[PDB]
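*Asks:* Protein chains in written order, with the entry's author numbering: chain S, 2 to 172; chain W, 1 to 234; chain 5, 61 to 114; chain r, 67 to 74, 85 to 96, 117 to 261; chain m, 71 to 182, 185 to 209; chain s, 53 to 77; chain H, 1 to 191. Structure provided below as structure tokens; questions to follow.
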Amino acid sequence: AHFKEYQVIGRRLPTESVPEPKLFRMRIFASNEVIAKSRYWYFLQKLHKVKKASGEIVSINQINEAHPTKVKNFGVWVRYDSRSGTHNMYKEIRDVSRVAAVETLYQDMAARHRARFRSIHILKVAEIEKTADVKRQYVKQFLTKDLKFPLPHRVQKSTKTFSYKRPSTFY
Amino acid sequence: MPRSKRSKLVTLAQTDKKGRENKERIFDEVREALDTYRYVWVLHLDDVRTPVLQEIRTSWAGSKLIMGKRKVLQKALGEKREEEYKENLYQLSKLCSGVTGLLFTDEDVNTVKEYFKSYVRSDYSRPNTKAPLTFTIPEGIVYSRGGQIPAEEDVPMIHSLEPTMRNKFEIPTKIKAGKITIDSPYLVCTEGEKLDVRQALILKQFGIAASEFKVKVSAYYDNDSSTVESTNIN
Amino acid sequence: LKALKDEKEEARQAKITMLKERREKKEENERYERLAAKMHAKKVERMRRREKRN
Amino acid sequence: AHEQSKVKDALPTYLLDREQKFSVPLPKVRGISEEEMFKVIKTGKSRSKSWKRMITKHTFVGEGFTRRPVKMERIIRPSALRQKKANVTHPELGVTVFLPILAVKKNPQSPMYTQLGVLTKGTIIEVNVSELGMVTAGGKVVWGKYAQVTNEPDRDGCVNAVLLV
Amino acid sequence: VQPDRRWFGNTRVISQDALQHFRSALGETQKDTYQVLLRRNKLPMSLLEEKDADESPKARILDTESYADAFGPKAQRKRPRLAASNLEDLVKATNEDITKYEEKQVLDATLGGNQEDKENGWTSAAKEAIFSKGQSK
Amino acid sequence: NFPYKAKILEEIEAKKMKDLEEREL
Amino acid sequence: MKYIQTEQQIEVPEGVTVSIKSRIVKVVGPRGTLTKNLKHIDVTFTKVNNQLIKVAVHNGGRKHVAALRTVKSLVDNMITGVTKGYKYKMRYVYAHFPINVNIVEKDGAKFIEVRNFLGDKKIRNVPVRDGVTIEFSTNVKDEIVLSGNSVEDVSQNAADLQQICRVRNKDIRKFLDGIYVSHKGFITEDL
RNA sequence: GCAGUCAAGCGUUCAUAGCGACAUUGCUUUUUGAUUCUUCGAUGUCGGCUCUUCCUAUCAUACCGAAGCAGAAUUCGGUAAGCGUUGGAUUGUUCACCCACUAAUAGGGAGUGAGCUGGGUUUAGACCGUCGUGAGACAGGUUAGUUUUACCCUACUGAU
RNA sequence: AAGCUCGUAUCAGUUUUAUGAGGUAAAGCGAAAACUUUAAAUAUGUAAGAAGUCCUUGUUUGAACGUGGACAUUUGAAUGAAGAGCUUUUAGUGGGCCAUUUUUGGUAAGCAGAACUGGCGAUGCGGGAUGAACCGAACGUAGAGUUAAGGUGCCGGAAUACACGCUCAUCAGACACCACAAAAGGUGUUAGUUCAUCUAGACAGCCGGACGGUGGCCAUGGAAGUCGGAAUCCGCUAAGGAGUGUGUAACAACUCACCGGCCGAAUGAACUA
């Protein structure tokens with residue numbers, strides 16, 4: 002959708018003789034709190050044997066970019082369960098906010114691995130601070146000095162059906 | 001480039017690339033040369049036969065001579081002024097031009113310049129220089145040597161290497177009776193010319209080595225003075 | 061990473077050695093028990109004494 | 067092979093330098129209905145009085161076959177589908193030989209098929225074994241053994257059987 | 071197939087003295103047209119049969135000169151087997167061989185013939201399709 | 053190919069020197 | 001991977017003027033003039049200063065940059081062809097029947113007649129292209145010379161002159177006739 | 001086909017639990033091109049005139065590629081369906097077989113069960129063969145034996 | 001259908017709570033998987049108050065076979081509802097396909113047997129261009145509105161919408177799949193993952209060396225690294241095989257594998273999608 006980054010906490014059901022449990026926490030990317038919390042239960046289940054029937058969710062909050070203007074070079078880990086045995090993957094996204102970078106990442110995954118939301122697991126989204134930590138080409142292309150490139154054969158878009166000009170591409 | 005990539009041909013043979021082995025070996029070797037030998041010589045043996053190399057490297061015993069890749073030699077001897085195994089070694093490592101070239105001994109400071117001012121050996125032309133030879137393969141049915149000596153003492157050339165005289169050397173040849181025959185007299189070179197790659201390789205094919213060859217000398221280094229002498233004789 | 065994975069493979073070989081020695085010793089118990097369970101301890105001490113040179 | 071080349085029993089003289117539970121290897125073969133392996137032969141220009149059947153699987157007929165009169169014969173095992181030998185291998189010796197079929201003992205899925213000598217897969221036939229030349233303790237010499245077939249003689253023409261040492 | 075002690079139970083052994091007994095009457099057995107054969111009571115052929123042959127079964131050469139040594143660009147052979155030695159005996163062989171080739175030449179010259189007719193170009197007709205009246209499938 | 057090829061196992065070992073030690077005492 | 005842009009730097013010597021309108025190219029040098037229509041290529045030229053041109057392709061994929069490099073080489077071949085000329089020397093080796101080659105005028109259209117190729121009676125006529133000169137060399141029997149300022153013209157002419165002389169149905173290990181390209185080089189010589 | 005060896009690689013990581021390609025190893029009659037005068041039960045009926053068209057999986061013709069391809073003549077292969085592909089003999093049969101011409105005598109689909117027609121189901125006639133106490137049947141073999149578009153609608157060919 | 005006996009505090013294709021069993025095995029800890037305690041649902045099973053609950057003695061303390069006496073409605077879990085019961089009675093009915101799920105056995109491949117649950121028949125309507133079984137779907141006559149499944153270039157009602165990627169096919173694909181030819185080939189393209197080399201100069205290119213002991217030893221007409229068999233040494237090295245190939249009748253000559261000079265920044269290889 003238009004993603005958001007929640008942070009979820011969980012304190013698998015307390016008991017006497019084993020009270021005040023360990024209070025785990027995750028960062029989730031989702032559209033609505035409902036889906037955030039579902040993903041959180043599922044990630045618990047996969048990490049170790051917990052359940053929903055035997056655990057509870059403490060406080061699901063939502064985070065925001067402290068600087069959603071400064072353009073940052075995110076480097077993302079991903080991994081996923083499809084469609085053969087799993088594997089890891091490392092991609093890079095020059096973008097403005099982590100939730101945007103993950104939007105484009107889900108897009109690219111669905112375009113290339115054909116793989117849907119079930120499998121893709123975000124592991125770590127890190128804002129690179131230095132140049133020369135970026136190594137990928139298609140991101141280093143824009144990290145060069147004094148960039149100046151023209152638009153790609155900018156074709157017009159029409160509102161009416163019959164024109165009288167033989168349009169000219171710009172220029 | 002996913003596909004349509006130049007496939008790197010693998011032809012099988014017994015040897016194999018070394019890697020950093022011989023290079024690290026060379027570094028340490030010049031280390032345990034610098035530690036002992038007081039007199040170090042620099043040499044530029046650009047175009048040499050390995051016979052000549054062995055018979056100059058064996059000429060004396062109490063010696064040590066290296067054919068080390070120039071950059072490795074420089075990173076050993078000192079790349080810049082300050083850092084170095086011993087002092088003033090940058091003064092020498094700034095003086096490389098060819099297949100350099102490093103002799104280690106503890107002997108006469110003059111017998112080597114005497115030996116070199118003596119040394120001559122015949123060698124190929126090694127192009128871009130004067131050739132005291134103006135080699136016109138005579139229009140008569142050619143022979144293996146190139147056309148300067150009696151014919152009844154010499155064997156006619158070999159058919160198979162006629163294509164490599166026609167294609168790589170451009171002399172007009174049509175085989176006849178199994179033999180190489182030309183039509184018009186051709187000169188492969190006159191004297192004085194900055195000889196061309198073929199104006200050398202053709203001489204190399206005809207097997208005529210008449211070019212003076214000498215190994216030069218430029219500089220010096222002492223493990224007593226800790227600096228470099230340089231009397232320029234080539 | 062390579063040194064740490066070496067140390068953890070050495071952990072795996074450690075559990076290997078402990079399980080192999082415990083299993084083989086408890087299996088030697090298994091064997092002598094499953095032999096002597098029926099027949100006489102005299103015959104089992106006498107087989108002890110007929111193998112005693114190995 | 068080249069990189070391996072780069073890296074770097086005990087027969088006697090009169091022999092070397094020369095080169096070559118009680119479970120049966122094959123229970124549970126599939127069952128052949130009585131409509132396969134039994135074809136019908138209607139008799140009369142008006143095809144009305146059939147009573148004749150024809151075996152369709154490769155059979156073994158014995159040594160005194162000598163076809164019975166046409167009026168009285170009711171089962172026909174046609175001459176094209178007959179066998180007098182079987183290509184049988186050995187578990188050991190790593191060998192295989194063509195052995196004449198002496199007689200057939202056990203045909204799963206019928207006793208009548210056994211009386212008839214039909215060589216469908218799984219059947220255990222009693223075959224000559226003279227060439228494999230076995231002698232036991234005392235061991236006079238064996239010239240007849242048991243062997244189970246392991247290929248339908250219909251998906252091909254051969255009979256392939258294996259011996260039970 | 072239910073498990074059994076047969077099937078791994080040997081079946082049809084036979085004895086030294088039985089082979090000795092019945093290998094013995096093959097060079098005896100009294101067969102005339104006034105006695106026909108009815109039954110067999112099968113006996114082991116591969117052992118009871120096989121009288122002697124004194125003919126030297128043809129030698130084999132395959133495992134000793136393969137093919138590429140025999141002929142081909144490899145040709146790992148230059149000198150003959152058995153590399154005839156006696157020149158007089160060899161010219162005896164070769165002259166008698168040409169003369170005996172002439173003897174066979176005259177055998178064919180006498181008996182025939186068809187070469188003169190095939191030089192005339194004509195040929196004998198199709199033997200009629202009636203002359204296949206007994207040889208039909 | 054990750055840039056932070058240093059901090060990762062360091063953090064895992066910072067965890068492990070505690071996950072091991074909070075058994076005994 | 002859609003490089004953001006890639007460039008190829010044509011080098012121009014002195015006595016030669018390259019004029020590039022929309023995409024037509026016209027080179028003028030001591031030899032004369034050459035012209036090529038590069039409308040089919042999608043590049044962008046730009047003059048740097050009087051001794052350097054840049055052919056750039058923006059947002060180029062894979063086949064696009066593949067094409068860019070050939071554009072540079074085509075223009076540079078035109079430059080060498082208007083400054084130094086091209087010259088292909090061919091030979092015609094005959095086994096028994098002499099091959100005769102001659103320059104004729106059919107209506108006045110500059111043909112080459114190849115007669116008595118292996119004793120044929122057919123007269124093989126190959127049309128000399130336009131703007132290409134042909135001379136049967138002296139001091140070297142058998143040798144003919146096709147020179148010009150254009151490279152594709154001269155090369156394609158020689159190719160046709162050779163393809164007209166194939167040996168059909170004969171074993172080519174035995175019948176060694178034909179007209180073969182002895183050599184390809186420049187008019188001058190020095191380089 | 002059967003019995004194995006491999007072992008590429010795969011398999012809670014598993015080669016030695018397992019699988020397992022391409023390869024491979026074993027006779028089914030023999031070693032000197034010896035003969036072959038050895039053809040083995042089609043359960044369902046087959047085989048033919050006139051005529052048109054289509055496929056290419058090409059026999060010929062066109063053009064090419066590789067062959068020790070000197071020439072000649074072939075062998076293999078590529079594009080290729082424009083064009084061509086026969087005359088007889090054999091019913092004590094033929095799912096075939098022969099000789100002769102020819103550039104070649106290719107292989108199939110939609111046929112022609114009411115265009116015609118003969119081997120074959122051959123209901124009433126009849127004769128022998130086999131089985132049966134029998135009427136009879138059929139393991140067979142032998143013979144003679146009247147189903148009649150179209151004048152309707154369309155298709156096709158021409159004609160107003 | 002009718003009769004009669006309730007408007008059921010009774011029932012239910014349901015959940016819960018209890019106790020059941022199959023405990024697969026995540027326990028884990030044992031004496032060193034080594035047990036055996038045990039666990040989630042996996043899926044069934046019986047039970048949860050009005051006659052119940054008891055208090056008091058006759059009987060072969062027990063179990064009750066007999067009494068008598070107290071606790072009507074906080075009278076005993078959630079949810080739904082009134083169609084629940086029982087006697088007489090009476091018409092049609094009996095054939096049969098598809099799918100799903102649980103399960104047993106299978107082989108060329110299909111598949112065969114079960115059991116359960118839908119659907120179809122007696123059943124229209126929207127969609128899938130068309131249709132026994134596919135996707136939606138509560139059929140009186142009409143009006144307005146909103147949607148399901150499917151869609152929105154034109155046929156044809158509805159964006160030649162917006163946004164990110166990928167692909168060019170000498171008959172793409174629009175496939176229906178969570179099937180078959182399907183294992184592979186490809187110097188098409190994109191993204192990745194595991195590996196190294198690299199200014200003690202990576203790859204591509206030119207140029208140079210590619211050597212002596214040593215025509216290594218056998219075999220022969222010649223076989224000097226290159227018809228053939230047996231190893232593969234040492235030397236000085238920068239490397240150099242008792243030699244990758246073209247080549248000679250025999251060496252030459254060229255080459256490679258291997259080093260170095262020139263240049264001056266990634267490139268190499270193998271897999272996955």
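The beta carbon of each residue, even a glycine, is placed where N, CA and C say it ideally should be.
Examine chain W for any beta-carbon lying closer than 7 Å to the beta-carbon of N59 (chain H), and answer yes or no.
*Replies:* For the purposes of this step, residue 59 (chain H) is taken as residue 59 along the seventh sequence, with counting starting at 1. Cβ-Cβ to chain W under 7 Å: no for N59 (chain H).
*Asks:* Closer than 7 Å between beta carbons: that is the criterion. Which residues of the stretch 82-108 of chain S meet it against chain s?
*Replies:* Answer set for the stretch 82-108 of chain S: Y91.
*Asks:* Would you verify that the beta carbon of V71 (chain m) is, or is not, closer than 7 Å to some beta carbon of chain r?
*Replies:* Position 1 of the fifth sequence holds residue 71 (chain m). It does; some Cβ of chain r falls within 7 Å.
*Asks:* Of the choices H159 (chain W), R166 (chain W), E191 (chain W), whose alpha-carbon is the least far from that of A177 (chain W)?
*Replies:* Sequence index remark: in the second sequence, residue 177 (chain W) carries index 177 (1-based). When only C-alpha atoms are compared, the closest one is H159 (chain W).
*Asks:* Restricting to runs no shorter than 4 residues, where is the alpha helix (DSSP H) found entirely within the stretch 68-138 of chain S?
*Replies:* As far as the stretch 68-138 of chain S is concerned, its whole alpha helix (DSSP H) runs of at least 4 residues are 99-113.
*Asks:* When you compare the stretch 108-119 of chain S with the stretch 83-96 of chain S, are there three or more beta-carbon pairs, one atom per stretch, that lie closer than 8 Å?
*Replies:* The answer is yes - the stretch 83-96 of chain S touches the stretch 108-119 of chain S, with three or more Cβ pairs under 8 Å.
*Asks:* Going along the stretch 2-19 of chain H in order, which residues come within less than 9 Å of chain S, judged by CB to CB distance?
*Replies:* Residues passing the 9 Å Cβ filter: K2, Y3, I4, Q5.
*Asks:* Which word fits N149 (chain H), buried or exposed, when buried means at least 16 other C-beta atoms lie within 10 angstroms of its C-beta?
*Replies:* Along the seventh sequence, one-based indexing puts residue 149 (chain H) at 149. By the 10 Å Cβ count, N149 (chain H) comes out buried.
*Asks:* On a Cα-Cα basis, can you pick out the residue from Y94 (chain H), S147 (chain H), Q163 (chain H) that is closest to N125 (chain H)?
*Replies:* Position 125 of the seventh sequence, counted from the start, is the residue given in the question as residue 125 (chain H). For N125 (chain H), the nearest C-alpha among the options comes from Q163 (chain H).
*Asks:* Counting Cβ pairs closer than 8 Å, one from the stretch 186-196 of chain W and one from the stretch 12-26 of chain W, do we hit at least three?
*Replies:* The stretch 186-196 of chain W, when compared against the stretch 12-26 of chain W, does not touch it at the 8 Å Cβ threshold.
*Asks:* Determine the DSSP secondary structure at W60 (chain W), reduced to helix, strand or coil.
*Replies:* Position 60 of the second sequence, counted from the first residue, corresponds to residue 60 (chain W). Coil at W60 (chain W), not helix or strand.
*Asks:* From which residue to which residue does the alpha helix (DSSP H) around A97 (chain 5) run?
*Replies:* Mapped onto the third sequence, residue 97 (chain 5) falls at position 37. No alpha helix (DSSP H) holds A97 (chain 5); DSSP gives it neither H nor E.
*Asks:* Looking at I187 (chain H) and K87 (chain H), is the spacing between their C-beta atoms short of 7 Å?
*Replies:* Taking the seventh sequence and counting its residues from 1, one reaches residue 87 (chain H) at position 87. Taking the seventh sequence and counting its residues from 1, one reaches residue 187 (chain H) at position 187. Yes, the pair counts as a contact, with Cβ atoms nearer than the cut-off.
*Asks:* Please work out which residues of its chain come closer than 8 Å, Cβ to Cβ, to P98 (chain H), disregarding the five sequence neighbours upstream and downstream, and give them in chain order.
*Replies:* On the seventh sequence, residue 98 (chain H) is found 98 positions in, with the first residue counted as 1. So the list reads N116, once near-sequence residues are dropped.
*Asks:* Pick out the complete beta strand (DSSP E) segments inside the stretch 141-216 of chain r, 3 residues or longer, and give them in chain order.
*Replies:* If we require 3 residues or more, the beta strand (DSSP E) runs fully inside the stretch 141-216 of chain r come out as 148-150, 181-185, 192-202.
*Asks:* Let me know the secondary structure DSSP gives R28 (chain S) once reduced to three states.
*Replies:* Position 27 of the first sequence, counting from 1, holds the residue named residue 28 (chain S). In the structure shown, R28 (chain S) sits in a strand (DSSP, three-state: E or B).
*Asks:* Any idea what DSSP makes of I164 (chain H), helix, strand or coil?
*Replies:* Counted from its first residue, the seventh sequence places residue 164 (chain H) at position 164. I164 (chain H): coil per DSSP, three-state reduction.
*Asks:* Beta carbon of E93 (chain S), beta carbon of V140 (chain S): below 7 Å?
*Replies:* Stepping through the first sequence from its first residue, residue 93 (chain S) is reached at position 92. Stepping through the first sequence from its first residue, residue 140 (chain S) is reached at position 139. Yes; because the gap between Cβ atoms is below 7 Å, this pair is in contact.
*Asks:* Considering Cα atoms alone, identify which of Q72 (chain m), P114 (chain m), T195 (chain m), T81 (chain m) is closest to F92 (chain m).
*Replies:* Counting from one through the fifth sequence, the residue named residue 92 (chain m) turns up at place 22. Of the listed residues, the one whose Cα sits closest to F92 (chain m) is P114 (chain m).
*Asks:* If we require 3 or more residues per run, which beta strand (DSSP E) segments fall completely within the stretch 174-221 of chain W?
*Replies:* Segments of the beta strand (DSSP E) lying fully in the stretch 174-221 of chain W: 179-182, 211-213.
*Asks:* Among the residues of its own chain, which have a CB less than 6 Å from the CB of residue 79 (chain r), if the five just before and after it don't count?
*Replies:* What the structure lacks is residue 79 (chain r): chain r is numbered 74, then 85, with the residues between left out.
*Asks:* For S226 (chain r) and chain m, any beta-carbon pair shorter than 7 Å?
*Replies:* For the purposes of this step, residue 226 (chain r) is taken as the residue at position 130 of the fourth sequence. By this cut-off, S226 (chain r) is an interface position.
*Asks:* Measuring alpha carbon to alpha carbon, tell me which of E104 (chain S), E17 (chain S), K5 (chain S), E21 (chain S) ends up nearest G11 (chain S).
*Replies:* Numbered from its first residue, the first sequence carries residue 11 (chain S) at position 10. Among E104 (chain S), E17 (chain S), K5 (chain S), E21 (chain S), the Cα nearest to that of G11 (chain S) belongs to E21 (chain S).
*Asks:* Look at the alpha carbon of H58 (chain H) and the alpha carbon of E24 (chain W), and state the distance between them as a whole number of angstroms.
*Replies:* Stepping through the seventh sequence from its first residue, residue 58 (chain H) is reached at position 58. Stepping through the second sequence from its first residue, residue 24 (chain W) is reached at position 24. Near 46 Å, if we compare the C-alpha coordinates of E24 (chain W) and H58 (chain H).
*Asks:* Have a look at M1 (chain W), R20 (chain W), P156 (chain W), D47 (chain W) and flag the residue whose alpha-carbon is nearest the alpha-carbon of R126 (chain W).
*Replies:* As a working mapping, residue 126 (chain W) is identified with position 126 in the second sequence. Cα-wise, what sits closest to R126 (chain W) is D47 (chain W).
*Asks:* Can you tell me whether DSSP reads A67 (chain r) as helix, strand or coil?
*Replies:* The residue you call residue 67 (chain r) lines up with position 1 of the fourth sequence. Three-state result, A67 (chain r): coil.
*Asks:* Would you mind telling me which residues of chain m sit closer than 8 Å to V238 (chain r), beta carbon to beta carbon, in chain order?
*Replies:* Numbered from 1 along the fourth sequence, position 142 holds the residue referred to as residue 238 (chain r). Per Cβ cutoff of 8 Å: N80, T81, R82, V83, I84.
*Asks:* Just tell me which of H122 (chain S), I129 (chain S), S169 (chain S), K131 (chain S) has its CA closest to the CA of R155 (chain S).
*Replies:* Your numbering for residue 155 (chain S) matches position 154 in the first sequence. Ranking the options by Cα distance to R155 (chain S), first place goes to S169 (chain S).
*Asks:* Under 7 Å between C-beta atoms, does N100 (chain H) make it to chain W?
*Replies:* As a working mapping, residue 100 (chain H) is identified with position 100 in the seventh sequence. By this cut-off, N100 (chain H) is not an interface position.
*Asks:* Going by DSSP, which residues form a beta bridge with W41 (chain W)?
*Replies:* For the purposes of this step, residue 41 (chain W) is taken as residue 41 along the second sequence, with counting starting at 1. Paired residue(s): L103 (chain W).
*Asks:* If I'm right that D171 (chain H) touches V93 (chain H) with Cβ under 8 Å, what's the distance once you round it to whole angstroms?
*Replies:* The residue labelled residue 171 (chain H) in the question sits at position 171 within the seventh sequence. The residue labelled residue 93 (chain H) in the question sits at position 93 within the seventh sequence. At roughly 16 Å, the Cβ-Cβ gap does not stay under 8 Å, so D171 (chain H) and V93 (chain H) are not in contact.
*Asks:* Determine, using beta carbons only, whether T105 (chain W) and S63 (chain W) come nearer to each other than 7 Å.
*Replies:* Stepping through the second sequence from its first residue, residue 105 (chain W) is reached at position 105. Stepping through the second sequence from its first residue, residue 63 (chain W) is reached at position 63. Cβ distance < 7 Å, so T105 (chain W) and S63 (chain W) count as in contact.
*Asks:* Leaving aside the five residues before and after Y180 (chain H) along the sequence, list all residues of the same chain whose C-beta is less than 7 Å from its C-beta, in chain order.
*Replies:* Numbered from 1 along the seventh sequence, position 180 holds the residue referred to as residue 180 (chain H). Same-chain partners within the cutoff: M90, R91, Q162.
*Asks:* Suppose you measure from the CA of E229 (chain W) to the CA of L43 (chain W); what does that come to, to the nearest Å?
*Replies:* Counted from its first residue, the second sequence places residue 229 (chain W) at position 229. Counted from its first residue, the second sequence places residue 43 (chain W) at position 43. The straight-line gap from Cα to Cα measures roughly 14 Å.
*Asks:* Taking all protein chains shown into account, decide if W194 (chain m) is buried (16 or more other Cβ within 10 angstroms of its Cβ) or exposed.
*Replies:* To locate residue 194 (chain m), count along the fifth sequence from 1; it is residue 122. Its Cβ having fewer than 16 others within 10 Å, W194 (chain m) is exposed.
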